[PDB]
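Participant: work31.txt (compact mmCIF, C-alpha atoms) pasted underneath:
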# COMPACT_ATOMS: atom_id res chain seq x y z
CA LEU A 935 63.51 43.14 129.26
CA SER A 936 61.41 42.99 126.08
CA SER A 937 59.54 46.24 126.79
CA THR A 938 61.87 48.50 128.79
CA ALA A 939 64.97 49.56 126.86
CA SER A 940 68.07 51.51 127.98
CA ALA A 941 68.90 48.88 130.61
CA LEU A 942 72.19 47.79 128.99
CA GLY A 943 73.92 51.05 129.81
CA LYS A 944 77.44 49.80 130.49
CA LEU A 945 78.00 48.01 127.17
CA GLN A 946 76.61 50.98 125.23
CA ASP A 947 78.91 53.32 127.16
CA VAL A 948 81.97 51.19 126.34
CA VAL A 949 81.07 51.02 122.64
CA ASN A 950 80.40 54.76 122.47
CA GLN A 951 83.71 55.58 124.17
CA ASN A 952 85.70 53.43 121.75
CA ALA A 953 83.86 54.77 118.70
CA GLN A 954 84.30 58.38 119.78
CA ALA A 955 88.02 57.90 120.41
CA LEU A 956 88.44 56.44 116.92
CA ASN A 957 86.37 59.26 115.42
CA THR A 958 88.46 62.00 117.00
CA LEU A 959 91.68 60.23 115.98
CA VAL A 960 90.49 60.05 112.36
CA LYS A 961 89.28 63.65 112.44
CA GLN A 962 92.66 64.81 113.73
CA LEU A 963 94.12 63.91 110.30
CA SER A 964 92.85 67.17 108.75
CA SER A 965 94.75 69.96 110.52
CA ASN A 966 97.36 72.29 109.04
CA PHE A 967 99.53 72.20 112.20
CA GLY A 968 101.15 75.38 110.90
CA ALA A 969 102.08 73.90 107.52
CA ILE A 970 100.71 74.95 104.13
CA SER A 971 98.13 72.17 103.72
CA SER A 972 96.85 69.09 105.52
CA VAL A 973 97.64 66.70 102.62
CA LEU A 974 101.15 65.54 101.77
CA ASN A 975 100.48 65.21 98.04
CA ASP A 976 99.71 68.91 97.59
CA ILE A 977 102.92 70.07 99.27
CA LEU A 978 104.83 67.39 97.37
CA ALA A 979 103.50 68.53 93.99
CA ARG A 980 103.84 72.25 94.76
CA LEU A 981 107.26 72.67 96.41
CA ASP A 982 110.81 71.39 95.88
CA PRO A 983 112.65 68.71 97.91
CA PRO A 984 115.17 71.10 99.55
CA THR B 342 103.87 99.79 75.98
CA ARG B 343 103.65 101.56 79.34
CA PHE B 344 101.86 100.66 82.58
CA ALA B 345 100.37 103.07 85.07
CA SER B 346 102.05 104.54 88.17
CA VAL B 347 102.05 103.07 91.68
CA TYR B 348 98.81 104.76 92.79
CA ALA B 349 96.52 102.77 90.47
CA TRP B 350 98.19 99.62 89.19
CA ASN B 351 96.45 97.85 86.34
CA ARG B 352 94.51 94.92 87.79
CA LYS B 353 93.88 92.06 85.35
CA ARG B 354 91.87 88.91 85.99
CA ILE B 355 93.02 86.12 83.66
CA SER B 356 90.70 83.16 83.11
CA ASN B 357 89.86 80.52 80.50
CA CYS B 358 93.39 80.25 79.11
CA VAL B 359 96.13 77.70 78.48
CA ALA B 360 99.17 79.04 80.33
CA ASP B 361 102.71 77.91 79.50
CA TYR B 362 105.22 79.32 82.00
CA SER B 363 107.99 77.27 80.37
CA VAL B 364 108.45 79.94 77.68
CA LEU B 365 108.92 82.44 80.53
CA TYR B 366 111.41 80.47 82.62
CA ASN B 367 113.90 79.81 79.81
CA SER B 368 113.83 83.50 78.81
CA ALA B 369 116.68 84.86 80.95
CA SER B 370 115.74 88.52 80.49
CA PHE B 371 114.81 89.35 84.09
CA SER B 372 116.71 91.00 86.93
CA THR B 373 115.04 89.10 89.78
CA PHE B 374 112.83 86.01 89.80
CA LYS B 375 112.10 85.55 93.51
CA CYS B 376 109.04 83.28 93.35
CA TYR B 377 108.08 81.67 96.66
CA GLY B 378 105.20 79.40 97.63
CA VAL B 379 105.56 77.39 94.42
CA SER B 380 108.72 75.87 93.01
CA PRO B 381 109.02 77.43 89.52
CA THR B 382 110.37 74.23 87.96
CA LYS B 383 107.18 72.32 88.90
CA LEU B 384 104.63 74.90 87.75
CA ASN B 385 103.60 73.46 84.37
CA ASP B 386 102.03 70.32 85.90
CA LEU B 387 99.76 72.21 88.30
CA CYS B 388 96.66 74.24 87.48
CA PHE B 389 94.00 76.10 89.41
CA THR B 390 91.10 78.55 89.19
CA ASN B 391 92.67 81.73 87.79
CA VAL B 392 95.38 84.33 88.36
CA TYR B 393 95.54 88.02 89.27
CA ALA B 394 98.17 90.02 87.40
CA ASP B 395 99.21 93.61 88.12
CA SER B 396 102.11 95.64 86.75
CA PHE B 397 103.95 98.79 87.79
CA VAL B 398 107.33 100.52 87.93
CA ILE B 399 109.50 101.33 90.96
CA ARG B 400 113.06 102.36 91.73
CA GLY B 401 115.93 99.88 91.55
CA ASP B 402 116.54 100.02 95.30
CA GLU B 403 113.02 99.08 96.45
CA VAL B 404 112.84 95.63 94.82
CA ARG B 405 113.31 93.86 98.17
CA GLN B 406 110.38 95.83 99.61
CA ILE B 407 107.94 93.61 97.68
CA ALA B 408 107.85 90.50 99.88
CA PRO B 409 105.53 89.18 102.61
CA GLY B 410 106.14 90.43 106.13
CA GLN B 411 108.42 93.28 105.06
CA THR B 412 108.33 96.80 106.50
CA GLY B 413 108.99 99.94 104.50
CA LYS B 414 107.47 103.02 102.92
CA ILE B 415 106.14 101.38 99.74
CA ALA B 416 105.30 97.90 101.08
CA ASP B 417 102.79 99.38 103.56
CA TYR B 418 101.34 102.46 101.84
CA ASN B 419 101.65 102.05 98.06
CA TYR B 420 101.33 98.24 97.84
CA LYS B 421 100.57 96.06 100.86
CA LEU B 422 101.55 92.45 100.15
CA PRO B 423 99.91 90.06 102.63
CA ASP B 424 101.87 87.36 104.43
CA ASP B 425 100.44 84.55 102.31
CA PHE B 426 100.86 82.80 98.94
CA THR B 427 101.51 85.70 96.55
CA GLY B 428 102.56 83.64 93.52
CA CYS B 429 105.73 84.89 91.81
CA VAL B 430 107.52 88.24 91.61
CA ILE B 431 109.20 89.41 88.39
CA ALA B 432 111.39 92.51 88.09
CA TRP B 433 113.41 93.58 85.07
CA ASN B 434 115.65 96.54 84.29
CA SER B 435 114.23 99.40 82.20
CA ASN B 436 117.07 101.62 80.99
CA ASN B 437 116.72 101.75 77.19
CA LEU B 438 113.15 103.09 77.31
CA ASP B 439 112.20 104.34 80.78
CA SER B 440 115.52 105.95 81.72
CA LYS B 441 116.25 107.23 78.19
CA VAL B 442 113.12 109.35 77.77
CA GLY B 443 112.13 112.96 78.42
CA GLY B 444 109.08 111.98 80.47
CA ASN B 445 110.60 113.11 83.76
CA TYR B 446 107.11 113.81 85.20
CA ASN B 447 105.37 110.57 84.22
CA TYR B 448 106.55 108.30 87.07
CA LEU B 449 105.08 109.20 90.46
CA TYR B 450 105.42 108.11 94.07
CA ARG B 451 103.82 109.06 97.38
CA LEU B 452 105.30 110.29 100.67
CA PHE B 453 101.95 110.52 102.46
CA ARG B 454 101.60 109.22 106.01
CA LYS B 455 98.80 108.28 108.42
CA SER B 456 97.23 106.33 105.53
CA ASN B 457 98.04 102.70 106.35
CA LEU B 458 96.69 100.56 103.53
CA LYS B 459 95.42 96.99 103.91
CA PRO B 460 96.38 94.17 101.51
CA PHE B 461 94.92 94.77 98.03
CA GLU B 462 93.24 98.16 98.26
CA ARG B 463 93.70 101.23 96.08
CA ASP B 464 93.51 104.92 97.04
CA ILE B 465 93.44 107.07 93.90
CA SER B 466 92.15 110.09 95.86
CA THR B 467 94.65 112.81 94.90
CA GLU B 468 94.19 115.61 97.44
CA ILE B 469 96.65 118.15 98.82
CA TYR B 470 97.37 117.66 102.52
CA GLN B 471 95.64 120.36 104.60
CA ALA B 472 94.60 118.96 107.98
CA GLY B 473 92.95 122.17 109.18
CA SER B 474 93.28 121.02 112.79
CA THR B 475 95.82 120.89 115.61
CA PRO B 476 98.33 118.45 113.97
CA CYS B 477 99.39 120.91 111.26
CA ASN B 478 101.25 123.56 113.30
CA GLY B 479 97.87 124.85 114.48
CA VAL B 480 97.22 126.80 111.27
CA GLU B 481 94.86 125.89 108.43
CA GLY B 482 96.13 126.12 104.86
CA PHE B 483 99.80 125.61 105.72
CA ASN B 484 101.79 122.35 105.61
CA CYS B 485 100.49 121.83 102.07
CA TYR B 486 102.11 118.45 101.39
CA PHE B 487 101.62 117.39 97.78
CA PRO B 488 100.76 113.66 97.77
CA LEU B 489 102.64 112.94 94.52
CA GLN B 490 106.21 113.58 93.40
CA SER B 491 108.08 112.43 90.31
CA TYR B 492 111.00 110.07 89.82
CA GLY B 493 113.92 112.34 89.01
CA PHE B 494 115.87 110.36 86.41
CA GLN B 495 118.60 111.21 83.90
CA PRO B 496 120.15 109.32 80.98
CA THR B 497 122.41 106.73 82.66
CA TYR B 498 122.87 108.38 86.05
CA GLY B 499 123.45 105.14 87.95
CA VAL B 500 122.22 101.60 88.62
CA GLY B 501 120.73 101.47 92.12
CA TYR B 502 118.13 104.14 91.32
CA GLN B 503 117.35 102.95 87.79
CA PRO B 504 113.66 102.31 87.05
CA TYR B 505 112.65 98.65 87.40
CA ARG B 506 109.54 97.18 85.79
CA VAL B 507 107.79 94.88 88.27
CA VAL B 508 104.93 92.41 87.83
CA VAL B 509 103.62 90.31 90.73
CA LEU B 510 101.26 87.39 90.18
CA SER B 511 98.67 86.11 92.63
CA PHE B 512 97.24 82.59 92.56
CA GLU B 513 94.36 81.16 94.58
CA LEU B 514 93.29 77.60 95.31
CA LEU B 515 90.11 75.83 96.43
CA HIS B 516 87.74 78.60 95.33
CA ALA B 517 86.26 77.28 92.08
CA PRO B 518 86.84 74.54 89.47
CA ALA B 519 90.11 75.02 87.63
CA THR B 520 89.81 77.18 84.50
CA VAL B 521 93.38 77.94 83.40
CA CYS B 522 95.57 74.86 82.96
CA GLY B 523 98.91 74.03 81.42
CA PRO B 524 99.53 72.21 78.14
CA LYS B 525 99.17 68.46 78.67
CA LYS B 526 97.74 65.47 76.80
CA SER B 527 94.52 63.74 77.84
CA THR B 528 94.48 59.94 77.61
CA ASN B 529 91.66 57.41 77.59
CA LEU B 530 90.17 55.95 80.77
CA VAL B 531 90.75 52.50 82.26
CA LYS B 532 88.64 50.51 84.71
CA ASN B 533 89.50 48.05 87.48
CA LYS B 534 93.28 48.41 87.44
CA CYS B 535 94.05 50.52 90.53
CA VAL B 536 95.68 53.28 88.48
CA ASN B 537 96.92 56.73 89.42
CA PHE B 538 95.05 59.67 87.96
CA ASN B 539 95.17 63.45 87.57
Would you encode the structure as structure tokens?
Facilitator:
Amino acid sequence: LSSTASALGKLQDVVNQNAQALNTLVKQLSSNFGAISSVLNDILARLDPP
Amino acid sequence: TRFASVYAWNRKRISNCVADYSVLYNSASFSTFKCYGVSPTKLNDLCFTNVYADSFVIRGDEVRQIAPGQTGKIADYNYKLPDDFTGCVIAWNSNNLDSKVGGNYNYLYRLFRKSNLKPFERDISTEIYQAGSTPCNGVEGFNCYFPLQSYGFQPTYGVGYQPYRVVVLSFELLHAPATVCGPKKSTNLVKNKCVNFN
């Protein structure tokens, strides 16, 4: 156990899966989706409420 | 005084200024103010890299041609406006000076075809049309189509065909640090207060 690593595969796989799901969710926050910009403040300060 | 024709519009790059569009909004001396992309009333408190300004003159019936996604004879050949954020469009009537002048051969337009023009390109090549191939009735030297013809105007002949003076602005964002900005006051900085900042 002290010398040979990469034996705790299952726990590492679980952690990596959770981290990657969170990463893609966070990354999804930067898409235009067909709008003008990906940030609400820009559209708010540029256009009119109607 | 007078801007150029539609073939070669004057292209001006404006930078390192302090723009105040408020003095332009209140001045109700324009025929059409169809500005999209940006709400005109919220333009003072928003600044960016720089602007592109060009000016020209057209007929009074082709004002609606200048808009994104439109199809026509001038919006595709003389001036292609891309389907994106093309700032504001200003058009005003010109009857006292442009219509009431003897310069009947100073305003020019083009009927040429097979010359589709991409957004923001200029073709000042003034050449008579002589294909010299099959698609000109099979004879070289005939079908001499002159690329330019003048606005035929008279003193107060109508309204729909009156000359209109048109300027379209173009703004860009996220290209460089902002250079032209509106008139506002700069205050002193605060620390450790969770404040909102511009």
Participant: When you get a sec, could you note down which chain B residues fall within 9 Å of chain A, using all atoms listed in the file, as a PDB file with C-alpha atoms, in the frame of the given file?
Facilitator:
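Once written, selection_18.pdb looks like this:
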ATOM      1  CA  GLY B 378     105.200  79.400  97.630  1.00  0.00           C
ATOM      2  CA  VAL B 379     105.560  77.390  94.420  1.00  0.00           C
ATOM      3  CA  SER B 380     108.720  75.870  93.010  1.00  0.00           C
ATOM      4  CA  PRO B 381     109.020  77.430  89.520  1.00  0.00           C
ATOM      5  CA  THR B 382     110.370  74.230  87.960  1.00  0.00           C
ATOM      6  CA  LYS B 383     107.180  72.320  88.900  1.00  0.00           C
ATOM      7  CA  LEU B 384     104.630  74.900  87.750  1.00  0.00           C
ATOM      8  CA  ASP B 386     102.030  70.320  85.900  1.00  0.00           C
ATOM      9  CA  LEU B 387      99.760  72.210  88.300  1.00  0.00           C
TER      10      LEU B 387
END
Participant: Tell me, in Å to one decimal, how far CA of residue 418 (chain B) is from CA of residue 431 (chain B).
Facilitator: 20.3 Å
Participant: What is the CA of residue 367 (chain B) to CA of residue 392 (chain B) distance in Å?
Facilitator: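 Rounded to one decimal, the two atoms are 20.9 Å apart.
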Participant: Please measure the separation of CA of residue 420 (chain B) and CA of residue 368 (chain B), giving the value in Å to one decimal.
Facilitator: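 Rounded to one decimal, the two atoms are 27.1 Å apart.
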Participant: Write out as number ranges by chain each polymer residue whose atoms come within 8 Å of residue 482 (chain B), counting all atoms listed in the file; drop sequence neighbours fewer than 2 positions from it.
Facilitator: B: 471-473, 480, 484-485
Participant: With only C-alpha atoms as the counted atoms, please give the residues lying no more than 12 Å from residue 419 (chain B), apart from itself and same-chain residues fewer than 3 positions off, as number ranges by chain.
Facilitator: B: 346-350, 397-399, 403, 406-407, 412-416, 422, 449-454, 456-465, 488-489
Participant: Just to be explicit: take each residue in the selection above, keep C-alpha atoms, and write the result as an mmCIF file, in the frame of the given file.
Facilitator:
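What landed in part-v7.cif:
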data_model
loop_
_atom_site.group_PDB
_atom_site.id
_atom_site.type_symbol
_atom_site.label_atom_id
_atom_site.label_comp_id
_atom_site.auth_asym_id
_atom_site.auth_seq_id
_atom_site.Cartn_x
_atom_site.Cartn_y
_atom_site.Cartn_z
ATOM 1 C CA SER B 346 102.050 104.540 88.170
ATOM 2 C CA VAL B 347 102.050 103.070 91.680
ATOM 3 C CA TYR B 348 98.810 104.760 92.790
ATOM 4 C CA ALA B 349 96.520 102.770 90.470
ATOM 5 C CA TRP B 350 98.190 99.620 89.190
ATOM 6 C CA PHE B 397 103.950 98.790 87.790
ATOM 7 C CA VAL B 398 107.330 100.520 87.930
ATOM 8 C CA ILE B 399 109.500 101.330 90.960
ATOM 9 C CA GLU B 403 113.020 99.080 96.450
ATOM 10 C CA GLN B 406 110.380 95.830 99.610
ATOM 11 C CA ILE B 407 107.940 93.610 97.680
ATOM 12 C CA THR B 412 108.330 96.800 106.500
ATOM 13 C CA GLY B 413 108.990 99.940 104.500
ATOM 14 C CA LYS B 414 107.470 103.020 102.920
ATOM 15 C CA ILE B 415 106.140 101.380 99.740
ATOM 16 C CA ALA B 416 105.300 97.900 101.080
ATOM 17 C CA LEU B 422 101.550 92.450 100.150
ATOM 18 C CA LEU B 449 105.080 109.200 90.460
ATOM 19 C CA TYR B 450 105.420 108.110 94.070
ATOM 20 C CA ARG B 451 103.820 109.060 97.380
ATOM 21 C CA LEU B 452 105.300 110.290 100.670
ATOM 22 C CA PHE B 453 101.950 110.520 102.460
ATOM 23 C CA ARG B 454 101.600 109.220 106.010
ATOM 24 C CA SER B 456 97.230 106.330 105.530
ATOM 25 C CA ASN B 457 98.040 102.700 106.350
ATOM 26 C CA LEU B 458 96.690 100.560 103.530
ATOM 27 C CA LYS B 459 95.420 96.990 103.910
ATOM 28 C CA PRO B 460 96.380 94.170 101.510
ATOM 29 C CA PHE B 461 94.920 94.770 98.030
ATOM 30 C CA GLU B 462 93.240 98.160 98.260
ATOM 31 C CA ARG B 463 93.700 101.230 96.080
ATOM 32 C CA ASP B 464 93.510 104.920 97.040
ATOM 33 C CA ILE B 465 93.440 107.070 93.900
ATOM 34 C CA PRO B 488 100.760 113.660 97.770
ATOM 35 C CA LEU B 489 102.640 112.940 94.520
#
Participant: With 4 Å of padding per side, what axis-aligned box (centre and edge lengths, Å, one decimal) covers all the listed atoms of region 362-374 of chain B? Give it as lines of an AutoDock Vina configuration file.
Facilitator:
center_x = 111.0
center_y = 84.1
center_z = 83.7
size_x = 19.5
size_y = 21.7
size_z = 20.1
Participant: Using only C-alpha atoms, find the one residue out of B:343, B:405, B:526, B:353 that sits nearest to residue 438 (chain B).
Facilitator: B:343
Participant: So which residues touch residue 441 (chain B) within 9 Å, counting all atoms listed in the file, skipping near sequence neighbours fewer than 6 positions away, as an mmCIF file with C-alpha atoms, keeping the file's coordinate frame?
Facilitator:
data_model
loop_
_atom_site.group_PDB
_atom_site.id
_atom_site.type_symbol
_atom_site.label_atom_id
_atom_site.label_comp_id
_atom_site.auth_asym_id
_atom_site.auth_seq_id
_atom_site.Cartn_x
_atom_site.Cartn_y
_atom_site.Cartn_z
ATOM 1 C CA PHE B 494 115.870 110.360 86.410
ATOM 2 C CA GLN B 495 118.600 111.210 83.900
ATOM 3 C CA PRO B 496 120.150 109.320 80.980
ATOM 4 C CA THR B 497 122.410 106.730 82.660
#
Participant: Generate N, CA, C and O atoms for region 945-968 of chain A and emit them as a PDB file, in the frame of the given file.
Facilitator:
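In the end it all went to part.pdb:
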ATOM      1  N   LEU A 945      77.473  48.439 128.459  1.00  0.00           N
ATOM      2  CA  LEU A 945      78.000  48.010 127.170  1.00  0.00           C
ATOM      3  C   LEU A 945      77.899  49.138 126.142  1.00  0.00           C
ATOM      4  O   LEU A 945      78.839  49.377 125.369  1.00  0.00           O
ATOM      5  N   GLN A 946      76.767  49.846 126.132  1.00  0.00           N
ATOM      6  CA  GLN A 946      76.610  50.980 125.230  1.00  0.00           C
ATOM      7  C   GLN A 946      77.641  52.057 125.524  1.00  0.00           C
ATOM      8  O   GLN A 946      78.191  52.664 124.598  1.00  0.00           O
ATOM      9  N   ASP A 947      77.915  52.311 126.804  1.00  0.00           N
ATOM     10  CA  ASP A 947      78.910  53.320 127.160  1.00  0.00           C
ATOM     11  C   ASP A 947      80.295  52.921 126.657  1.00  0.00           C
ATOM     12  O   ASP A 947      81.032  53.760 126.124  1.00  0.00           O
ATOM     13  N   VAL A 948      80.660  51.646 126.810  1.00  0.00           N
ATOM     14  CA  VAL A 948      81.970  51.190 126.340  1.00  0.00           C
ATOM     15  C   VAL A 948      82.078  51.358 124.827  1.00  0.00           C
ATOM     16  O   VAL A 948      83.080  51.876 124.305  1.00  0.00           O
ATOM     17  N   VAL A 949      81.042  50.927 124.102  1.00  0.00           N
ATOM     18  CA  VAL A 949      81.070  51.020 122.640  1.00  0.00           C
ATOM     19  C   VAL A 949      81.158  52.471 122.201  1.00  0.00           C
ATOM     20  O   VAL A 949      81.926  52.813 121.292  1.00  0.00           O
ATOM     21  N   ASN A 950      80.379  53.348 122.836  1.00  0.00           N
ATOM     22  CA  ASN A 950      80.400  54.760 122.470  1.00  0.00           C
ATOM     23  C   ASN A 950      81.763  55.377 122.739  1.00  0.00           C
ATOM     24  O   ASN A 950      82.256  56.172 121.932  1.00  0.00           O
ATOM     25  N   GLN A 951      82.388  55.033 123.867  1.00  0.00           N
ATOM     26  CA  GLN A 951      83.710  55.580 124.170  1.00  0.00           C
ATOM     27  C   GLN A 951      84.725  55.170 123.114  1.00  0.00           C
ATOM     28  O   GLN A 951      85.484  56.009 122.606  1.00  0.00           O
ATOM     29  N   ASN A 952      84.745  53.884 122.756  1.00  0.00           N
ATOM     30  CA  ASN A 952      85.700  53.430 121.750  1.00  0.00           C
ATOM     31  C   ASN A 952      85.451  54.104 120.405  1.00  0.00           C
ATOM     32  O   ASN A 952      86.389  54.577 119.744  1.00  0.00           O
ATOM     33  N   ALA A 953      84.183  54.169 119.989  1.00  0.00           N
ATOM     34  CA  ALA A 953      83.860  54.770 118.700  1.00  0.00           C
ATOM     35  C   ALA A 953      84.234  56.239 118.664  1.00  0.00           C
ATOM     36  O   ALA A 953      84.742  56.733 117.652  1.00  0.00           O
ATOM     37  N   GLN A 954      84.001  56.957 119.762  1.00  0.00           N
ATOM     38  CA  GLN A 954      84.300  58.380 119.780  1.00  0.00           C
ATOM     39  C   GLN A 954      85.803  58.630 119.779  1.00  0.00           C
ATOM     40  O   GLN A 954      86.280  59.582 119.147  1.00  0.00           O
ATOM     41  N   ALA A 955      86.569  57.778 120.466  1.00  0.00           N
ATOM     42  CA  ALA A 955      88.020  57.900 120.410  1.00  0.00           C
ATOM     43  C   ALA A 955      88.536  57.684 118.989  1.00  0.00           C
ATOM     44  O   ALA A 955      89.374  58.449 118.491  1.00  0.00           O
ATOM     45  N   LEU A 956      88.028  56.651 118.309  1.00  0.00           N
ATOM     46  CA  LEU A 956      88.440  56.440 116.920  1.00  0.00           C
ATOM     47  C   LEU A 956      88.037  57.610 116.039  1.00  0.00           C
ATOM     48  O   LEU A 956      88.803  58.025 115.160  1.00  0.00           O
ATOM     49  N   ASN A 957      86.837  58.152 116.249  1.00  0.00           N
ATOM     50  CA  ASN A 957      86.370  59.260 115.420  1.00  0.00           C
ATOM     51  C   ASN A 957      87.252  60.483 115.581  1.00  0.00           C
ATOM     52  O   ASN A 957      87.613  61.131 114.592  1.00  0.00           O
ATOM     53  N   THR A 958      87.614  60.825 116.819  1.00  0.00           N
ATOM     54  CA  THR A 958      88.460  62.000 117.000  1.00  0.00           C
ATOM     55  C   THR A 958      89.865  61.752 116.455  1.00  0.00           C
ATOM     56  O   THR A 958      90.484  62.668 115.898  1.00  0.00           O
ATOM     57  N   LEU A 959      90.374  60.520 116.567  1.00  0.00           N
ATOM     58  CA  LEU A 959      91.680  60.230 115.980  1.00  0.00           C
ATOM     59  C   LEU A 959      91.644  60.411 114.464  1.00  0.00           C
ATOM     60  O   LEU A 959      92.556  61.006 113.879  1.00  0.00           O
ATOM     61  N   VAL A 960      90.592  59.909 113.813  1.00  0.00           N
ATOM     62  CA  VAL A 960      90.490  60.050 112.360  1.00  0.00           C
ATOM     63  C   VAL A 960      90.335  61.506 111.965  1.00  0.00           C
ATOM     64  O   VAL A 960      90.950  61.960 110.994  1.00  0.00           O
ATOM     65  N   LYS A 961      89.519  62.238 112.716  1.00  0.00           N
ATOM     66  CA  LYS A 961      89.280  63.650 112.440  1.00  0.00           C
ATOM     67  C   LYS A 961      90.536  64.497 112.600  1.00  0.00           C
ATOM     68  O   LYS A 961      90.697  65.515 111.927  1.00  0.00           O
ATOM     69  N   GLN A 962      91.426  64.076 113.493  1.00  0.00           N
ATOM     70  CA  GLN A 962      92.660  64.810 113.730  1.00  0.00           C
ATOM     71  C   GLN A 962      93.565  64.859 112.508  1.00  0.00           C
ATOM     72  O   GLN A 962      94.490  65.677 112.463  1.00  0.00           O
ATOM     73  N   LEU A 963      93.323  64.008 111.520  1.00  0.00           N
ATOM     74  CA  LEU A 963      94.120  63.910 110.300  1.00  0.00           C
ATOM     75  C   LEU A 963      93.915  65.070 109.345  1.00  0.00           C
ATOM     76  O   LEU A 963      94.473  65.030 108.244  1.00  0.00           O
ATOM     77  N   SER A 964      93.151  66.103 109.696  1.00  0.00           N
ATOM     78  CA  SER A 964      92.850  67.170 108.750  1.00  0.00           C
ATOM     79  C   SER A 964      93.164  68.546 109.329  1.00  0.00           C
ATOM     80  O   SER A 964      92.343  69.462 109.233  1.00  0.00           O
ATOM     81  N   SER A 965      94.342  68.703 109.925  1.00  0.00           N
ATOM     82  CA  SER A 965      94.750  69.960 110.520  1.00  0.00           C
ATOM     83  C   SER A 965      96.061  70.432 109.900  1.00  0.00           C
ATOM     84  O   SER A 965      96.943  69.622 109.603  1.00  0.00           O
ATOM     85  N   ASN A 966      96.180  71.746 109.708  1.00  0.00           N
ATOM     86  CA  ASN A 966      97.360  72.290 109.040  1.00  0.00           C
ATOM     87  C   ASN A 966      98.596  72.188 109.919  1.00  0.00           C
ATOM     88  O   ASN A 966      99.712  72.043 109.408  1.00  0.00           O
ATOM     89  N   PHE A 967      98.424  72.290 111.237  1.00  0.00           N
ATOM     90  CA  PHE A 967      99.530  72.200 112.200  1.00  0.00           C
ATOM     91  C   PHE A 967     100.588  73.265 111.945  1.00  0.00           C
ATOM     92  O   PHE A 967     101.735  73.123 112.371  1.00  0.00           O
ATOM     93  N   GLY A 968     100.212  74.345 111.266  1.00  0.00           N
ATOM     94  CA  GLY A 968     101.150  75.380 110.900  1.00  0.00           C
ATOM     95  C   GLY A 968     101.784  75.221 109.538  1.00  0.00           C
ATOM     96  O   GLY A 968     102.527  76.113 109.111  1.00  0.00           O
TER      97      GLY A 968
END
